[PDB]
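As provided, entry_5.cif (mmCIF, C-alpha atoms) reads as follows.
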data_start
#
loop_
_atom_site.group_PDB
_atom_site.id
_atom_site.type_symbol
_atom_site.label_atom_id
_atom_site.label_comp_id
_atom_site.auth_asym_id
_atom_site.auth_seq_id
_atom_site.Cartn_x
_atom_site.Cartn_y
_atom_site.Cartn_z
ATOM 1 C CA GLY A 1 34.594 108.004 82.558
ATOM 2 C CA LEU A 2 35.495 108.724 78.921
ATOM 3 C CA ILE A 3 38.977 107.917 77.596
ATOM 4 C CA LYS A 4 37.867 108.850 74.042
ATOM 5 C CA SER A 5 38.798 112.512 74.677
ATOM 6 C CA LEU A 6 42.543 112.096 75.338
ATOM 7 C CA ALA A 7 42.875 108.914 73.253
ATOM 8 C CA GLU A 8 41.317 110.162 70.011
ATOM 9 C CA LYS A 9 42.737 113.730 70.275
ATOM 10 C CA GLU A 10 46.362 112.596 70.536
ATOM 11 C CA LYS A 11 45.916 110.496 67.380
ATOM 12 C CA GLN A 12 44.783 113.570 65.358
ATOM 13 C CA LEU A 13 47.267 116.177 66.610
ATOM 14 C CA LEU A 14 50.034 113.614 66.129
ATOM 15 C CA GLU A 15 48.714 112.766 62.652
ATOM 16 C CA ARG A 16 48.425 116.489 61.848
ATOM 17 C CA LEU A 17 52.096 116.822 62.835
ATOM 18 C CA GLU A 18 53.115 114.031 60.414
ATOM 19 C CA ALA A 19 51.338 115.737 57.489
ATOM 20 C CA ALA A 20 53.281 118.873 58.416
ATOM 21 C CA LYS A 21 56.530 116.894 58.160
ATOM 22 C CA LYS A 22 55.472 115.327 54.815
ATOM 23 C CA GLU A 23 54.859 118.604 52.958
ATOM 24 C CA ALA A 24 57.985 119.823 54.764
ATOM 25 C CA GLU A 25 60.008 117.058 53.060
ATOM 26 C CA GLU A 26 58.007 116.761 49.831
ATOM 27 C CA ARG A 27 58.591 120.520 49.331
ATOM 28 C CA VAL A 28 62.217 120.811 50.488
ATOM 29 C CA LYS A 29 62.860 118.007 47.959
ATOM 30 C CA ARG A 30 61.298 120.080 45.172
ATOM 31 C CA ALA A 31 63.966 122.748 45.802
ATOM 32 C CA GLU A 32 66.728 120.133 45.450
ATOM 33 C CA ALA A 33 65.025 118.813 42.275
ATOM 34 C CA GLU A 34 64.760 122.384 40.936
ATOM 35 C CA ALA A 35 68.540 122.560 41.564
ATOM 36 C CA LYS A 36 69.348 119.466 39.467
ATOM 37 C CA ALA A 37 67.231 120.852 36.603
ATOM 38 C CA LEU A 38 69.044 124.211 36.869
ATOM 39 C CA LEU A 39 72.557 122.735 36.625
ATOM 40 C CA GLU A 40 71.368 120.818 33.549
ATOM 41 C CA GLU A 41 70.498 124.213 32.059
ATOM 42 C CA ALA A 42 73.955 125.297 33.291
ATOM 43 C CA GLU A 43 75.440 122.736 30.854
ATOM 44 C CA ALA A 44 73.027 123.260 27.956
ATOM 45 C CA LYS A 45 74.433 126.806 27.954
ATOM 46 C CA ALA A 46 78.100 125.801 28.384
ATOM 47 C CA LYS A 47 77.905 123.359 25.453
ATOM 48 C CA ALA A 48 75.941 126.008 23.527
ATOM 49 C CA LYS O 1 39.454 126.902 77.128
ATOM 50 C CA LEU O 2 42.433 124.579 77.643
ATOM 51 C CA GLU O 3 42.882 121.926 74.893
ATOM 52 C CA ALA O 4 41.944 124.547 72.289
ATOM 53 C CA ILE O 5 45.179 125.952 73.727
ATOM 54 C CA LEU O 6 46.923 122.642 72.940
ATOM 55 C CA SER O 7 45.497 122.882 69.405
ATOM 56 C CA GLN O 8 46.578 126.537 69.124
ATOM 57 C CA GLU O 9 50.016 125.320 70.257
ATOM 58 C CA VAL O 10 50.480 122.690 67.508
ATOM 59 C CA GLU O 11 49.283 124.908 64.622
ATOM 60 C CA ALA O 12 52.324 127.030 65.463
ATOM 61 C CA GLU O 13 55.032 124.416 65.655
ATOM 62 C CA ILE O 14 53.641 123.136 62.326
ATOM 63 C CA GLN O 15 54.350 126.589 60.892
ATOM 64 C CA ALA O 16 57.758 126.734 62.609
ATOM 65 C CA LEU O 17 58.634 123.550 60.716
ATOM 66 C CA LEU O 18 57.059 124.864 57.481
ATOM 67 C CA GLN O 19 58.977 128.144 57.970
ATOM 68 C CA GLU O 20 62.230 126.234 58.576
ATOM 69 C CA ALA O 21 61.523 123.956 55.575
ATOM 70 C CA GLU O 22 60.949 126.884 53.169
ATOM 71 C CA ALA O 23 63.951 128.866 54.478
ATOM 72 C CA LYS O 24 66.142 125.956 53.347
ATOM 73 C CA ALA O 25 64.302 125.574 50.007
ATOM 74 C CA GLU O 26 65.846 128.976 49.279
ATOM 75 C CA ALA O 27 69.263 128.053 50.759
ATOM 76 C CA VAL O 28 69.298 125.139 48.322
ATOM 77 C CA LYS O 29 68.326 127.571 45.530
ATOM 78 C CA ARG O 30 70.992 130.107 46.622
ATOM 79 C CA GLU O 31 73.906 127.661 46.778
ATOM 80 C CA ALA O 32 72.631 126.080 43.508
ATOM 81 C CA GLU O 33 72.615 129.503 41.795
ATOM 82 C CA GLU O 34 75.926 130.509 43.392
ATOM 83 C CA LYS O 35 77.156 127.172 41.996
ATOM 84 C CA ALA O 36 75.945 127.537 38.368
ATOM 85 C CA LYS O 37 77.398 131.060 38.097
ATOM 86 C CA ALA O 38 80.804 129.748 39.201
ATOM 87 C CA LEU O 39 80.308 126.603 37.063
ATOM 88 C CA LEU O 40 79.958 128.869 34.009
ATOM 89 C CA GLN O 41 82.382 131.666 35.040
ATOM 90 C CA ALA O 42 85.344 129.264 34.979
ATOM 91 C CA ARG O 43 84.025 127.793 31.713
ATOM 92 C CA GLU O 44 83.812 131.258 30.097
ATOM 93 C CA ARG O 45 87.451 131.794 31.088
ATOM 94 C CA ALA O 46 88.568 128.395 29.728
ATOM 95 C CA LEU O 47 87.309 129.164 26.221
ATOM 96 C CA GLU O 48 89.385 132.375 26.124
ATOM 97 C CA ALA O 49 92.569 130.421 26.919
ATOM 98 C CA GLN O 50 91.678 127.679 24.387
ATOM 99 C CA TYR O 51 91.023 130.479 21.861
ATOM 100 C CA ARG O 52 93.833 132.864 22.843
ATOM 101 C CA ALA O 53 96.143 129.917 22.165
ATOM 102 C CA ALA O 54 94.446 128.819 18.926
ATOM 103 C CA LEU O 55 94.576 132.260 17.234
ATOM 104 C CA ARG O 56 98.184 132.935 18.272
ATOM 105 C CA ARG O 57 99.145 129.571 16.795
ATOM 106 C CA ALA O 58 97.275 130.606 13.619
ATOM 107 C CA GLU O 59 99.104 133.972 13.519
ATOM 108 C CA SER O 60 102.519 132.294 13.653
ATOM 109 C CA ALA O 61 101.456 129.618 11.153
#
Kindly present the structure from the file in structure tokens form.
Amino acid sequence: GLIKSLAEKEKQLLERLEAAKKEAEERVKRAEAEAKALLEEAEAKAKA
Amino acid sequence: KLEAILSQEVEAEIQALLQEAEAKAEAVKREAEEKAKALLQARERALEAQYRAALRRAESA
């Protein structure tokens, strides 16, 4: 006599999991972006 | 109480992921640094050759 417990709890724990995956990706990216920018410096030196 | 268990179980996987996803963000930085070193160590060496040749030529000349 109250489906709001299991219904509306699933849709917050599942949404909290997605936000975990986002800042998992949107941070692991940053490391790959940092890498690009490093190997640019790795030329700026070589040409210098 | 149970449920607060289920919520103490998620905030746990969602550090496992965030631990896995910042133990690659180094691996990317390691292999990128171990790249750049080697991408400039061969270059260092190349200039010697291109200079060892150029000065010898200029000795003979």
(request) Could you please select, counting all atoms listed in the file, the residues of chain O within 7 Å of chain A and state them as an MDAnalysis selection string? (result) chainID O and resid 14 18 21:22 25 28:29 32 36 40
(message) One number please: atom CA of residue 44 of chain A to atom CA of residue 39 of chain O, in Å, one decimal.
(response)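 Separation between atom CA of residue 44 of chain A and atom CA of residue 39 of chain O: 12.1 Å.
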(message) What's the separation between atom CA of residue 4 of chain A and atom CA of residue 2 of chain O, in Å to one decimal place?
(response)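 Distance reported for this atom pair: 16.8 Å.
Interatomic distance, atom CA of residue 20 of chain O to atom CA of residue 1 of chain O: 29.4 Å.
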Show me, as AutoDock Vina command-line options, the centre and edge lengths in Å to one decimal of the axis-aligned box that covers every listed atom of segment 13-18 of chain O with 8 Å on each side.
--center_x 56.1 --center_y 124.9 --center_z 61.6 --size_x 21.0 --size_y 19.6 --size_z 24.2
Please rebuild segment 9-38 of chain O with N, CA and C atoms and return the result as a PDB file, in the coordinates of the input.
ATOM      1  N   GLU O   9      48.579 125.499  70.040  1.00  0.00           N
ATOM      2  CA  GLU O   9      50.016 125.320  70.257  1.00  0.00           C
ATOM      3  C   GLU O   9      50.675 124.481  69.158  1.00  0.00           C
ATOM      4  N   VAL O  10      49.954 123.498  68.615  1.00  0.00           N
ATOM      5  CA  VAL O  10      50.480 122.690  67.508  1.00  0.00           C
ATOM      6  C   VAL O  10      50.516 123.523  66.227  1.00  0.00           C
ATOM      7  N   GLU O  11      49.364 124.037  65.798  1.00  0.00           N
ATOM      8  CA  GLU O  11      49.283 124.908  64.622  1.00  0.00           C
ATOM      9  C   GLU O  11      50.077 126.182  64.932  1.00  0.00           C
ATOM     10  N   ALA O  12      51.398 126.041  64.909  1.00  0.00           N
ATOM     11  CA  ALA O  12      52.324 127.030  65.463  1.00  0.00           C
ATOM     12  C   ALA O  12      53.724 126.445  65.400  1.00  0.00           C
ATOM     13  N   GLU O  13      53.864 125.232  65.926  1.00  0.00           N
ATOM     14  CA  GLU O  13      55.032 124.416  65.655  1.00  0.00           C
ATOM     15  C   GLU O  13      54.980 123.965  64.196  1.00  0.00           C
ATOM     16  N   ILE O  14      53.796 123.578  63.718  1.00  0.00           N
ATOM     17  CA  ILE O  14      53.641 123.136  62.326  1.00  0.00           C
ATOM     18  C   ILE O  14      53.583 124.304  61.320  1.00  0.00           C
ATOM     19  N   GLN O  15      53.895 125.516  61.778  1.00  0.00           N
ATOM     20  CA  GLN O  15      54.350 126.589  60.892  1.00  0.00           C
ATOM     21  C   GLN O  15      55.839 126.850  61.100  1.00  0.00           C
ATOM     22  N   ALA O  16      56.325 126.653  62.324  1.00  0.00           N
ATOM     23  CA  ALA O  16      57.758 126.734  62.609  1.00  0.00           C
ATOM     24  C   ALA O  16      58.534 125.783  61.705  1.00  0.00           C
ATOM     25  N   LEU O  17      58.051 124.545  61.613  1.00  0.00           N
ATOM     26  CA  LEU O  17      58.634 123.550  60.716  1.00  0.00           C
ATOM     27  C   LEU O  17      58.516 124.000  59.257  1.00  0.00           C
ATOM     28  N   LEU O  18      57.311 124.412  58.857  1.00  0.00           N
ATOM     29  CA  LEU O  18      57.059 124.864  57.481  1.00  0.00           C
ATOM     30  C   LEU O  18      57.730 126.199  57.147  1.00  0.00           C
ATOM     31  N   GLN O  19      58.143 126.950  58.168  1.00  0.00           N
ATOM     32  CA  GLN O  19      58.977 128.144  57.970  1.00  0.00           C
ATOM     33  C   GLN O  19      60.456 127.758  57.847  1.00  0.00           C
ATOM     34  N   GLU O  20      60.867 126.759  58.625  1.00  0.00           N
ATOM     35  CA  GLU O  20      62.230 126.234  58.576  1.00  0.00           C
ATOM     36  C   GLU O  20      62.464 125.469  57.260  1.00  0.00           C
ATOM     37  N   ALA O  21      61.423 124.790  56.776  1.00  0.00           N
ATOM     38  CA  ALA O  21      61.523 123.956  55.575  1.00  0.00           C
ATOM     39  C   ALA O  21      61.299 124.724  54.271  1.00  0.00           C
ATOM     40  N   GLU O  22      60.963 126.013  54.356  1.00  0.00           N
ATOM     41  CA  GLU O  22      60.949 126.884  53.169  1.00  0.00           C
ATOM     42  C   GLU O  22      61.950 128.046  53.303  1.00  0.00           C
ATOM     43  N   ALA O  23      62.784 127.994  54.342  1.00  0.00           N
ATOM     44  CA  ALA O  23      63.951 128.866  54.478  1.00  0.00           C
ATOM     45  C   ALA O  23      65.232 128.072  54.211  1.00  0.00           C
ATOM     46  N   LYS O  24      65.071 126.786  53.898  1.00  0.00           N
ATOM     47  CA  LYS O  24      66.142 125.956  53.347  1.00  0.00           C
ATOM     48  C   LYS O  24      65.931 125.784  51.843  1.00  0.00           C
ATOM     49  N   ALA O  25      64.670 125.651  51.427  1.00  0.00           N
ATOM     50  CA  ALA O  25      64.302 125.574  50.007  1.00  0.00           C
ATOM     51  C   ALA O  25      64.751 126.795  49.203  1.00  0.00           C
ATOM     52  N   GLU O  26      65.101 127.876  49.896  1.00  0.00           N
ATOM     53  CA  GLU O  26      65.846 128.976  49.279  1.00  0.00           C
ATOM     54  C   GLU O  26      67.351 128.705  49.370  1.00  0.00           C
ATOM     55  N   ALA O  27      67.832 128.305  50.549  1.00  0.00           N
ATOM     56  CA  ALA O  27      69.263 128.053  50.759  1.00  0.00           C
ATOM     57  C   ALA O  27      69.796 127.073  49.721  1.00  0.00           C
ATOM     58  N   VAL O  28      68.987 126.067  49.400  1.00  0.00           N
ATOM     59  CA  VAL O  28      69.298 125.139  48.322  1.00  0.00           C
ATOM     60  C   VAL O  28      69.338 125.883  46.981  1.00  0.00           C
ATOM     61  N   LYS O  29      68.366 126.764  46.753  1.00  0.00           N
ATOM     62  CA  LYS O  29      68.326 127.571  45.530  1.00  0.00           C
ATOM     63  C   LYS O  29      69.443 128.619  45.456  1.00  0.00           C
ATOM     64  N   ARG O  30      69.897 129.129  46.600  1.00  0.00           N
ATOM     65  CA  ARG O  30      70.992 130.107  46.622  1.00  0.00           C
ATOM     66  C   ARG O  30      72.306 129.440  46.245  1.00  0.00           C
ATOM     67  N   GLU O  31      72.670 128.414  47.005  1.00  0.00           N
ATOM     68  CA  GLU O  31      73.906 127.661  46.778  1.00  0.00           C
ATOM     69  C   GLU O  31      73.919 126.953  45.402  1.00  0.00           C
ATOM     70  N   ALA O  32      72.742 126.636  44.864  1.00  0.00           N
ATOM     71  CA  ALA O  32      72.631 126.080  43.508  1.00  0.00           C
ATOM     72  C   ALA O  32      72.847 127.149  42.436  1.00  0.00           C
ATOM     73  N   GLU O  33      72.404 128.375  42.711  1.00  0.00           N
ATOM     74  CA  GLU O  33      72.615 129.503  41.795  1.00  0.00           C
ATOM     75  C   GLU O  33      74.042 130.031  41.915  1.00  0.00           C
ATOM     76  N   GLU O  34      74.533 130.135  43.148  1.00  0.00           N
ATOM     77  CA  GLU O  34      75.926 130.509  43.392  1.00  0.00           C
ATOM     78  C   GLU O  34      76.901 129.423  42.917  1.00  0.00           C
ATOM     79  N   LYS O  35      76.383 128.223  42.651  1.00  0.00           N
ATOM     80  CA  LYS O  35      77.156 127.172  41.996  1.00  0.00           C
ATOM     81  C   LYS O  35      77.217 127.411  40.483  1.00  0.00           C
ATOM     82  N   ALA O  36      76.050 127.418  39.836  1.00  0.00           N
ATOM     83  CA  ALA O  36      75.945 127.537  38.368  1.00  0.00           C
ATOM     84  C   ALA O  36      76.702 128.735  37.787  1.00  0.00           C
ATOM     85  N   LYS O  37      76.604 129.883  38.448  1.00  0.00           N
ATOM     86  CA  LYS O  37      77.398 131.060  38.097  1.00  0.00           C
ATOM     87  C   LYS O  37      78.870 130.675  38.018  1.00  0.00           C
ATOM     88  N   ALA O  38      79.396 130.137  39.119  1.00  0.00           N
ATOM     89  CA  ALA O  38      80.804 129.748  39.201  1.00  0.00           C
ATOM     90  C   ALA O  38      81.137 128.553  38.295  1.00  0.00           C
TER      91      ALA O  38
END
